[PDB]
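Below is coords26.txt, holding compact mmCIF, N, CA and C atoms.
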# COMPACT_ATOMS: atom_id res chain seq x y z
N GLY A 449 0.79 -1.21 0.00
CA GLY A 449 0.00 0.00 0.00
C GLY A 449 0.82 1.27 0.00
N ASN A 450 2.13 1.17 0.22
CA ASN A 450 3.03 2.29 0.09
C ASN A 450 3.59 2.43 -1.31
N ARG A 451 3.10 1.63 -2.26
CA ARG A 451 3.86 1.27 -3.44
C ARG A 451 2.95 1.34 -4.65
N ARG A 452 3.29 2.16 -5.64
CA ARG A 452 2.39 2.37 -6.76
C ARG A 452 3.13 2.17 -8.08
N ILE A 453 2.41 1.59 -9.04
CA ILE A 453 2.97 1.26 -10.34
C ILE A 453 3.14 2.53 -11.15
N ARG A 454 3.62 2.36 -12.37
CA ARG A 454 3.59 3.40 -13.38
C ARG A 454 3.57 2.70 -14.73
N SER A 455 2.40 2.71 -15.36
CA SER A 455 2.25 2.28 -16.73
C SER A 455 2.48 3.47 -17.64
N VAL A 456 2.12 3.32 -18.90
CA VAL A 456 2.71 4.15 -19.94
C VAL A 456 2.08 5.52 -19.97
N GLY A 457 0.75 5.56 -20.09
CA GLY A 457 0.06 6.83 -20.28
C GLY A 457 0.45 7.88 -19.27
N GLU A 458 0.77 7.44 -18.06
CA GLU A 458 1.34 8.31 -17.05
C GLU A 458 2.61 8.98 -17.56
N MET A 459 3.56 8.18 -18.00
CA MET A 459 4.86 8.69 -18.37
C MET A 459 4.78 9.49 -19.66
N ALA A 460 3.95 9.00 -20.58
CA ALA A 460 3.70 9.71 -21.82
C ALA A 460 3.16 11.09 -21.54
N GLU A 461 2.17 11.16 -20.66
CA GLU A 461 1.61 12.42 -20.23
C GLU A 461 2.69 13.33 -19.68
N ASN A 462 3.58 12.76 -18.86
CA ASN A 462 4.66 13.55 -18.29
C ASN A 462 5.47 14.23 -19.37
N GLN A 463 6.07 13.43 -20.26
CA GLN A 463 7.00 14.05 -21.20
C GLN A 463 6.26 14.96 -22.17
N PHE A 464 5.01 14.62 -22.46
CA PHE A 464 4.22 15.44 -23.35
C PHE A 464 4.03 16.81 -22.77
N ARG A 465 3.56 16.86 -21.53
CA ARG A 465 3.45 18.10 -20.79
C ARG A 465 4.75 18.88 -20.80
N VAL A 466 5.87 18.17 -20.72
CA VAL A 466 7.14 18.87 -20.73
C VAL A 466 7.35 19.55 -22.07
N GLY A 467 7.04 18.86 -23.15
CA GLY A 467 7.15 19.49 -24.46
C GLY A 467 6.24 20.68 -24.58
N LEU A 468 5.05 20.58 -23.98
CA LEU A 468 4.14 21.70 -23.98
C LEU A 468 4.76 22.90 -23.31
N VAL A 469 5.54 22.66 -22.26
CA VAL A 469 6.16 23.77 -21.55
C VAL A 469 7.35 24.32 -22.32
N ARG A 470 8.11 23.42 -22.95
CA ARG A 470 9.19 23.83 -23.83
C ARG A 470 8.68 24.82 -24.86
N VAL A 471 7.48 24.57 -25.36
CA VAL A 471 6.87 25.52 -26.28
C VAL A 471 6.32 26.72 -25.53
N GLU A 472 5.76 26.49 -24.34
CA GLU A 472 5.04 27.53 -23.61
C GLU A 472 5.92 28.73 -23.29
N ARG A 473 7.19 28.48 -23.04
CA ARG A 473 8.14 29.57 -22.87
C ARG A 473 8.04 30.54 -24.05
N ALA A 474 8.27 30.02 -25.25
CA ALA A 474 8.13 30.80 -26.47
C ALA A 474 6.73 31.36 -26.63
N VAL A 475 5.74 30.64 -26.13
CA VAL A 475 4.36 31.08 -26.27
C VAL A 475 4.19 32.41 -25.57
N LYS A 476 4.60 32.48 -24.32
CA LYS A 476 4.49 33.74 -23.59
C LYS A 476 5.29 34.83 -24.28
N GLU A 477 6.51 34.48 -24.67
CA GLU A 477 7.40 35.46 -25.29
C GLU A 477 6.77 36.06 -26.54
N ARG A 478 6.13 35.23 -27.36
CA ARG A 478 5.58 35.68 -28.62
C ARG A 478 4.13 36.12 -28.51
N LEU A 479 3.47 35.80 -27.41
CA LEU A 479 2.15 36.33 -27.14
C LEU A 479 2.23 37.81 -26.85
N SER A 480 2.96 38.17 -25.80
CA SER A 480 2.88 39.56 -25.37
C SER A 480 3.51 40.51 -26.38
N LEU A 481 4.45 40.01 -27.17
CA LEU A 481 5.24 40.88 -28.03
C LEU A 481 4.58 41.11 -29.38
N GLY A 482 4.31 40.03 -30.11
CA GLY A 482 3.90 40.14 -31.50
C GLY A 482 2.60 40.90 -31.67
N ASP A 483 2.30 41.19 -32.93
CA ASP A 483 1.00 41.73 -33.28
C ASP A 483 -0.09 40.76 -32.84
N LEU A 484 -1.25 41.32 -32.50
CA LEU A 484 -2.33 40.53 -31.94
C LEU A 484 -3.36 40.14 -32.99
N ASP A 485 -3.72 41.06 -33.88
CA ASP A 485 -4.79 40.78 -34.84
C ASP A 485 -4.40 39.67 -35.80
N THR A 486 -3.12 39.58 -36.15
CA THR A 486 -2.70 38.92 -37.36
C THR A 486 -1.82 37.71 -37.12
N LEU A 487 -1.24 37.57 -35.94
CA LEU A 487 -0.42 36.43 -35.58
C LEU A 487 -1.31 35.20 -35.44
N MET A 488 -1.29 34.32 -36.45
CA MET A 488 -2.01 33.05 -36.40
C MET A 488 -1.59 32.25 -35.18
N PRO A 489 -2.40 31.30 -34.73
CA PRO A 489 -1.95 30.48 -33.62
C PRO A 489 -0.84 29.55 -34.03
N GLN A 490 -0.89 29.02 -35.25
CA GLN A 490 0.18 28.18 -35.75
C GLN A 490 1.33 28.99 -36.31
N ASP A 491 1.17 30.30 -36.43
CA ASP A 491 2.33 31.16 -36.61
C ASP A 491 3.18 31.28 -35.36
N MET A 492 2.73 30.74 -34.23
CA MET A 492 3.53 30.68 -33.01
C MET A 492 4.20 29.32 -32.82
N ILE A 493 3.69 28.27 -33.44
CA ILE A 493 4.00 26.91 -33.03
C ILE A 493 5.32 26.44 -33.63
N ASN A 494 6.07 25.70 -32.82
CA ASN A 494 7.08 24.76 -33.30
C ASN A 494 6.92 23.47 -32.51
N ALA A 495 6.48 22.41 -33.19
CA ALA A 495 6.22 21.14 -32.54
C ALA A 495 7.48 20.30 -32.36
N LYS A 496 8.63 20.84 -32.68
CA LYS A 496 9.85 20.04 -32.66
C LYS A 496 10.27 19.62 -31.26
N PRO A 497 10.20 20.47 -30.24
CA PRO A 497 10.49 19.98 -28.89
C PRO A 497 9.54 18.89 -28.45
N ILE A 498 8.28 18.97 -28.87
CA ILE A 498 7.29 17.95 -28.52
C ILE A 498 7.72 16.60 -29.08
N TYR B 421 22.97 61.27 -29.31
CA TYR B 421 21.77 61.68 -28.58
C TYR B 421 20.90 62.62 -29.38
N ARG B 422 21.51 63.42 -30.26
CA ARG B 422 20.77 64.44 -30.99
C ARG B 422 19.74 63.84 -31.91
N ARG B 423 19.96 62.59 -32.32
CA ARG B 423 18.90 61.79 -32.91
C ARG B 423 17.69 61.69 -31.99
N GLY B 424 17.89 61.84 -30.68
CA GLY B 424 16.81 62.04 -29.76
C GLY B 424 16.05 60.80 -29.38
N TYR B 425 16.53 59.63 -29.78
CA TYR B 425 15.82 58.39 -29.54
C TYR B 425 16.28 57.73 -28.26
N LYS B 426 15.59 56.66 -27.91
CA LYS B 426 16.04 55.83 -26.81
C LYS B 426 17.29 55.06 -27.21
N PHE B 427 18.30 55.15 -26.35
CA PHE B 427 19.59 54.52 -26.62
C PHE B 427 19.48 53.00 -26.68
N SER B 428 18.51 52.44 -25.95
CA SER B 428 18.19 51.02 -26.01
C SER B 428 18.15 50.51 -27.43
N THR B 429 17.49 51.27 -28.31
CA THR B 429 17.32 50.83 -29.69
C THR B 429 18.67 50.74 -30.40
N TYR B 430 19.50 51.76 -30.22
CA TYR B 430 20.84 51.83 -30.80
C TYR B 430 21.64 50.60 -30.38
N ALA B 431 21.90 50.51 -29.08
CA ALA B 431 22.73 49.41 -28.60
C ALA B 431 22.08 48.06 -28.80
N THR B 432 20.76 48.02 -28.93
CA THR B 432 20.09 46.77 -29.27
C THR B 432 20.54 46.29 -30.64
N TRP B 433 20.48 47.18 -31.63
CA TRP B 433 21.00 46.84 -32.95
C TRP B 433 22.43 46.35 -32.87
N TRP B 434 23.27 47.14 -32.21
CA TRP B 434 24.70 46.85 -32.20
C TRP B 434 24.98 45.50 -31.57
N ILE B 435 24.43 45.30 -30.38
CA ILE B 435 24.77 44.13 -29.59
C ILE B 435 24.09 42.90 -30.16
N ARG B 436 22.89 43.07 -30.73
CA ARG B 436 22.28 42.00 -31.50
C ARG B 436 23.24 41.51 -32.56
N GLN B 437 23.81 42.42 -33.33
CA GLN B 437 24.75 42.02 -34.37
C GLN B 437 25.92 41.27 -33.76
N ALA B 438 26.52 41.85 -32.72
CA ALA B 438 27.70 41.28 -32.09
C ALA B 438 27.46 39.85 -31.66
N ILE B 439 26.35 39.63 -30.97
CA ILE B 439 26.07 38.32 -30.43
C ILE B 439 25.67 37.37 -31.55
N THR B 440 24.87 37.87 -32.48
CA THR B 440 24.38 37.06 -33.58
C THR B 440 25.52 36.49 -34.39
N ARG B 441 26.62 37.22 -34.49
CA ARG B 441 27.78 36.73 -35.21
C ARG B 441 28.73 35.96 -34.33
N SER B 442 28.81 36.29 -33.05
CA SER B 442 29.75 35.61 -32.19
C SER B 442 29.31 34.19 -31.90
N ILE B 443 28.01 33.97 -31.78
CA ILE B 443 27.51 32.61 -31.64
C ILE B 443 27.83 31.81 -32.90
N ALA B 444 27.74 32.45 -34.06
CA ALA B 444 27.96 31.73 -35.30
C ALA B 444 29.42 31.40 -35.50
N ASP B 445 30.30 32.34 -35.17
CA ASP B 445 31.73 32.11 -35.26
C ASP B 445 32.13 30.96 -34.36
N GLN B 446 31.79 31.08 -33.11
CA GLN B 446 32.12 30.12 -32.08
C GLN B 446 30.95 29.13 -32.04
N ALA B 447 30.82 28.34 -30.98
CA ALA B 447 29.65 27.50 -30.73
C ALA B 447 29.62 26.22 -31.57
N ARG B 448 30.71 25.85 -32.23
CA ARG B 448 30.82 24.52 -32.81
C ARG B 448 32.26 24.05 -32.74
N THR B 449 32.42 22.75 -32.98
CA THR B 449 33.74 22.17 -33.13
C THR B 449 34.38 22.63 -34.43
N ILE B 450 33.60 22.61 -35.50
CA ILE B 450 34.02 23.13 -36.80
C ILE B 450 33.55 24.56 -36.87
N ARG B 451 34.40 25.44 -37.37
CA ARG B 451 33.91 26.75 -37.73
C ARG B 451 33.16 26.61 -39.04
N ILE B 452 32.11 27.40 -39.18
CA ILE B 452 31.26 27.36 -40.35
C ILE B 452 31.02 28.81 -40.77
N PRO B 453 31.58 29.28 -41.88
CA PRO B 453 31.36 30.67 -42.27
C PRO B 453 29.89 30.96 -42.49
N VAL B 454 29.63 32.25 -42.58
CA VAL B 454 28.32 32.77 -42.25
C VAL B 454 27.32 32.56 -43.35
N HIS B 455 27.78 32.32 -44.56
CA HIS B 455 26.86 32.15 -45.67
C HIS B 455 26.08 30.88 -45.46
N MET B 456 26.80 29.85 -45.00
CA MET B 456 26.15 28.65 -44.53
C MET B 456 25.15 28.98 -43.44
N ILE B 457 25.55 29.83 -42.50
CA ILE B 457 24.74 30.05 -41.31
C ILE B 457 23.41 30.70 -41.67
N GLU B 458 23.47 31.79 -42.43
CA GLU B 458 22.26 32.48 -42.86
C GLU B 458 21.40 31.58 -43.72
N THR B 459 22.02 30.83 -44.62
CA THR B 459 21.25 29.86 -45.39
C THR B 459 20.55 28.87 -44.46
N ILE B 460 21.24 28.47 -43.40
CA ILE B 460 20.71 27.47 -42.49
C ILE B 460 19.53 28.04 -41.72
N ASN B 461 19.60 29.32 -41.36
CA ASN B 461 18.50 29.89 -40.57
C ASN B 461 17.27 30.06 -41.44
N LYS B 462 17.48 30.46 -42.70
CA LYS B 462 16.40 30.48 -43.68
C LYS B 462 15.71 29.13 -43.73
N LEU B 463 16.51 28.08 -43.83
CA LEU B 463 15.99 26.73 -43.85
C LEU B 463 15.18 26.45 -42.60
N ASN B 464 15.71 26.80 -41.44
CA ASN B 464 15.04 26.46 -40.20
C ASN B 464 13.69 27.14 -40.11
N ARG B 465 13.57 28.32 -40.69
CA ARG B 465 12.31 29.03 -40.59
C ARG B 465 11.31 28.51 -41.61
N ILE B 466 11.77 28.34 -42.84
CA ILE B 466 10.84 28.00 -43.89
C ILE B 466 10.50 26.52 -43.84
N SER B 467 11.36 25.72 -43.22
CA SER B 467 10.99 24.37 -42.84
C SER B 467 9.69 24.37 -42.08
N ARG B 468 9.63 25.18 -41.03
CA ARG B 468 8.47 25.20 -40.16
C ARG B 468 7.29 25.83 -40.88
N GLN B 469 7.55 26.87 -41.66
CA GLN B 469 6.49 27.49 -42.44
C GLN B 469 5.85 26.49 -43.38
What would you get if you wrote out this structure as structure tokens?
Amino acid sequence: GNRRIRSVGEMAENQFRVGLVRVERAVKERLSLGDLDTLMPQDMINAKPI
Amino acid sequence: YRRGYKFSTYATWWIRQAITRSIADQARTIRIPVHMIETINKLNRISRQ
């Protein structure tokens, strides 16, 4: 009862979230700075860290 | 100063250039001249585009 497993979706979720944050840094940086009307959402994205 | 602008902008240009080239000069085992570098950055951007 002190002891818990870890299957995959747990760990997948972990690293995925990390990639989301790797992007999120740039997200904040490019949110506050860039133009607002015209900056597409995928004009911000780089899925490579993910 | 007689240009009357914020000095931030001036030194931003200057130091941007300095760093932008110093990373390119250094930062590898092999030196890679800059024509490669600019071509490579074009690639990195339009890849994603």
key: Interatomic distance (Å, one decimal) between atom C of residue 493 (chain A) and atom C of residue 465 (chain A)   = 14.9 Å
ask   = Any idea which chain A residues end up within 9 Å of chain B if we count only C-alpha atoms, as a PyMOL selection string please?
value = chain A and resi 491+493-495
inquiry  = Just the number, please: distance in Å from CA of residue 498 (chain A) to CA of residue 466 (chain A), one decimal.
reply    =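 CA of residue 466 (chain A) lies at a distance of 7.8 Å from CA of residue 498 (chain A).
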query = Can you list every residue in chain A that DSSP puts in helix (DSSP H, G or I), as number ranges by chain?
reply = A: 456-481
Could you write out that same residue set with N, CA and C atoms as a PDB file, in the frame of the given file?
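Result file again_24.pdb:
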ATOM      1  N   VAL A 456       2.120   3.320 -18.900  1.00  0.00           N
ATOM      2  CA  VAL A 456       2.710   4.150 -19.940  1.00  0.00           C
ATOM      3  C   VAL A 456       2.080   5.520 -19.970  1.00  0.00           C
ATOM      4  N   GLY A 457       0.750   5.560 -20.090  1.00  0.00           N
ATOM      5  CA  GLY A 457       0.060   6.830 -20.280  1.00  0.00           C
ATOM      6  C   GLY A 457       0.450   7.880 -19.270  1.00  0.00           C
ATOM      7  N   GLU A 458       0.770   7.440 -18.060  1.00  0.00           N
ATOM      8  CA  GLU A 458       1.340   8.310 -17.050  1.00  0.00           C
ATOM      9  C   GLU A 458       2.610   8.980 -17.560  1.00  0.00           C
ATOM     10  N   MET A 459       3.560   8.180 -18.000  1.00  0.00           N
ATOM     11  CA  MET A 459       4.860   8.690 -18.370  1.00  0.00           C
ATOM     12  C   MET A 459       4.780   9.490 -19.660  1.00  0.00           C
ATOM     13  N   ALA A 460       3.950   9.000 -20.580  1.00  0.00           N
ATOM     14  CA  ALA A 460       3.700   9.710 -21.820  1.00  0.00           C
ATOM     15  C   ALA A 460       3.160  11.090 -21.540  1.00  0.00           C
ATOM     16  N   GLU A 461       2.170  11.160 -20.660  1.00  0.00           N
ATOM     17  CA  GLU A 461       1.610  12.420 -20.230  1.00  0.00           C
ATOM     18  C   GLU A 461       2.690  13.330 -19.680  1.00  0.00           C
ATOM     19  N   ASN A 462       3.580  12.760 -18.860  1.00  0.00           N
ATOM     20  CA  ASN A 462       4.660  13.550 -18.290  1.00  0.00           C
ATOM     21  C   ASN A 462       5.470  14.230 -19.370  1.00  0.00           C
ATOM     22  N   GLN A 463       6.070  13.430 -20.260  1.00  0.00           N
ATOM     23  CA  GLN A 463       7.000  14.050 -21.200  1.00  0.00           C
ATOM     24  C   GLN A 463       6.260  14.960 -22.170  1.00  0.00           C
ATOM     25  N   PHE A 464       5.010  14.620 -22.460  1.00  0.00           N
ATOM     26  CA  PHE A 464       4.220  15.440 -23.350  1.00  0.00           C
ATOM     27  C   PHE A 464       4.030  16.810 -22.770  1.00  0.00           C
ATOM     28  N   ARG A 465       3.560  16.860 -21.530  1.00  0.00           N
ATOM     29  CA  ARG A 465       3.450  18.100 -20.790  1.00  0.00           C
ATOM     30  C   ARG A 465       4.750  18.880 -20.800  1.00  0.00           C
ATOM     31  N   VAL A 466       5.870  18.170 -20.720  1.00  0.00           N
ATOM     32  CA  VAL A 466       7.140  18.870 -20.730  1.00  0.00           C
ATOM     33  C   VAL A 466       7.350  19.550 -22.070  1.00  0.00           C
ATOM     34  N   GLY A 467       7.040  18.860 -23.150  1.00  0.00           N
ATOM     35  CA  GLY A 467       7.150  19.490 -24.460  1.00  0.00           C
ATOM     36  C   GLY A 467       6.240  20.680 -24.580  1.00  0.00           C
ATOM     37  N   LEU A 468       5.050  20.580 -23.980  1.00  0.00           N
ATOM     38  CA  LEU A 468       4.140  21.700 -23.980  1.00  0.00           C
ATOM     39  C   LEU A 468       4.760  22.900 -23.310  1.00  0.00           C
ATOM     40  N   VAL A 469       5.540  22.660 -22.260  1.00  0.00           N
ATOM     41  CA  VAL A 469       6.160  23.770 -21.550  1.00  0.00           C
ATOM     42  C   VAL A 469       7.350  24.320 -22.320  1.00  0.00           C
ATOM     43  N   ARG A 470       8.110  23.420 -22.950  1.00  0.00           N
ATOM     44  CA  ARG A 470       9.190  23.830 -23.830  1.00  0.00           C
ATOM     45  C   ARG A 470       8.680  24.820 -24.860  1.00  0.00           C
ATOM     46  N   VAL A 471       7.480  24.570 -25.360  1.00  0.00           N
ATOM     47  CA  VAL A 471       6.870  25.520 -26.280  1.00  0.00           C
ATOM     48  C   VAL A 471       6.320  26.720 -25.530  1.00  0.00           C
ATOM     49  N   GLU A 472       5.760  26.490 -24.340  1.00  0.00           N
ATOM     50  CA  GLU A 472       5.040  27.530 -23.610  1.00  0.00           C
ATOM     51  C   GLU A 472       5.920  28.730 -23.290  1.00  0.00           C
ATOM     52  N   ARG A 473       7.190  28.480 -23.040  1.00  0.00           N
ATOM     53  CA  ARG A 473       8.140  29.570 -22.870  1.00  0.00           C
ATOM     54  C   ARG A 473       8.040  30.540 -24.050  1.00  0.00           C
ATOM     55  N   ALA A 474       8.270  30.020 -25.250  1.00  0.00           N
ATOM     56  CA  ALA A 474       8.130  30.800 -26.470  1.00  0.00           C
ATOM     57  C   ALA A 474       6.730  31.360 -26.630  1.00  0.00           C
ATOM     58  N   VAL A 475       5.740  30.640 -26.130  1.00  0.00           N
ATOM     59  CA  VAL A 475       4.360  31.080 -26.270  1.00  0.00           C
ATOM     60  C   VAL A 475       4.190  32.410 -25.570  1.00  0.00           C
ATOM     61  N   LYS A 476       4.600  32.480 -24.320  1.00  0.00           N
ATOM     62  CA  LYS A 476       4.490  33.740 -23.590  1.00  0.00           C
ATOM     63  C   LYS A 476       5.290  34.830 -24.280  1.00  0.00           C
ATOM     64  N   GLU A 477       6.510  34.480 -24.670  1.00  0.00           N
ATOM     65  CA  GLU A 477       7.400  35.460 -25.290  1.00  0.00           C
ATOM     66  C   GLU A 477       6.770  36.060 -26.540  1.00  0.00           C
ATOM     67  N   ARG A 478       6.130  35.230 -27.360  1.00  0.00           N
ATOM     68  CA  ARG A 478       5.580  35.680 -28.620  1.00  0.00           C
ATOM     69  C   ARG A 478       4.130  36.120 -28.510  1.00  0.00           C
ATOM     70  N   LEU A 479       3.470  35.800 -27.410  1.00  0.00           N
ATOM     71  CA  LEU A 479       2.150  36.330 -27.140  1.00  0.00           C
ATOM     72  C   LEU A 479       2.230  37.810 -26.850  1.00  0.00           C
ATOM     73  N   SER A 480       2.960  38.170 -25.800  1.00  0.00           N
ATOM     74  CA  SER A 480       2.880  39.560 -25.370  1.00  0.00           C
ATOM     75  C   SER A 480       3.510  40.510 -26.380  1.00  0.00           C
ATOM     76  N   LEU A 481       4.450  40.010 -27.170  1.00  0.00           N
ATOM     77  CA  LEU A 481       5.240  40.880 -28.030  1.00  0.00           C
ATOM     78  C   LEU A 481       4.580  41.110 -29.380  1.00  0.00           C
TER      79      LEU A 481
END
key: Pairwise distance for atom N of residue 457 (chain A) and atom C of residue 473 (chain A), rounded to one decimal in Å   =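 Those two atoms sit 26.3 Å apart.
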